[PDB]
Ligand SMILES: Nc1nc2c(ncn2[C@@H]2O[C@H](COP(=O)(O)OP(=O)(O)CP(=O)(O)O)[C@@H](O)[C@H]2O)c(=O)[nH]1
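Only one chain is given next, in structure tokens, and it is the form solved without the named molecule.
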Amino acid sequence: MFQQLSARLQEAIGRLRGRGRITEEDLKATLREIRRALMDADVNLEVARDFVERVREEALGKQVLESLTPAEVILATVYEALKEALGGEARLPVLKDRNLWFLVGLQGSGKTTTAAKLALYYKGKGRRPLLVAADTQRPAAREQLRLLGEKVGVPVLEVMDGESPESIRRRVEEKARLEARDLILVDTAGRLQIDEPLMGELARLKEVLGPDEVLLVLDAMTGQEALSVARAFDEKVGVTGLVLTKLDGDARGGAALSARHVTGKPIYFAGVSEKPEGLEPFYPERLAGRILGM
């Protein structure tokens, strides 16, 4: 992922390698390429500025201009700027005995499938998850998950058309109790665009169900724009974390690098492939190093 960005960053940094001490201009030439690289990867402007700013200052502060291995110093400062942009330290929801999570996002963002892959992931971690297809208007949506549930071997309770949250809560709580499901994953309704009506019902569903986490699923491929919807969902519902899908298909990386600044929400998981196991915890340090070819 981020093949373009990765290559460029490494090419800019290498210009300072194997040629003795470098000058301020040698350093600046490289810094410009880094900037240009971030800009071409659809990276948030403030993020890109801060990025390059600390790379230069931290590098200078490490006497990079008197270093015999300047490129190595720069590689280290770039890694740190990258680590910050991606979230610093990795994090995942803290699970309790009873967990109920909301998977929110636009239709086509990978939301429904993520629900299933997430169910499979924790299932393999010793949890007894229960998928809940919360779309009360579209029977098609509910069927998609139903099919996904059997594919990953996890029960799927389907809400009835026009079912009230109160009724939904009752049937869901009952099934979980009688079947001993400790992780309840609710796939909320999704539409190609954010529509005030649904958002209002969504807020009520949260109100009635009291989710422990609210995961906003985003299509990393849509670049920086993917982050646009974030504020809407958080202001009306309340997002606790992010999930970027199709990272293996993203050559830029603008969304993953900008997520933090734009949404202020942590990226819990990442969609690394179309396979059912193509969902894994997001590791900022690991990803920072991989981009820099370490």
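One-based numbering along the sequence shown.
Beyond what is shown, the protein has a form deposited with the named molecule bound; the following relates to that form.
Chemist: I need the one stretch from 157-165, 79-87, 130-138, 201-209 whose residues put non-hydrogen atoms within 4.5 angstroms of the named molecule in the bound PDB entry.
Modeler: Careful reading of the contacts points to 130-138.
Chemist: Answer yes or no: in the bound PDB entry, does the named molecule come within 4.5 Å of a heavy atom in every one of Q107, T112 and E274?
Modeler: Result yes, every residue of the spot touches the named molecule.
Chemist: Within 4.5 Å, heavy atoms only: does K117 come near the named molecule in the bound PDB entry?
Modeler: Looking in the bound PDB entry, residue contacts with the named molecule include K117, since a heavy atom lies within 4.5 Å.
Chemist: Examine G149 and determine whether its closest non-hydrogen atom to the named molecule in the bound PDB entry is within 4.5 angstroms.
Modeler: Looking in the bound PDB entry, residue contacts with the named molecule do not include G149, since no heavy atom lies within 4.5 Å.
Chemist: Does any part of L178 reach within 4.5 Å of the named molecule in the bound PDB entry? Heavy atoms only, please.
Modeler: No - in the bound PDB entry, heavy atoms of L178 and the named molecule never come within 4.5 Å of each other.
Chemist: Does the named molecule come within 4.5 Å of any heavy atom of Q224 in the bound PDB entry?
Modeler: No, no contact at 4.5 Å.
Chemist: Among the candidate residues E57, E46, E235, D248, which is the single one with a non-hydrogen atom no more than 4.5 Å from the named molecule in the bound PDB entry?
Modeler: Exactly one listed residue reaches within 4.5 Å, namely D248.
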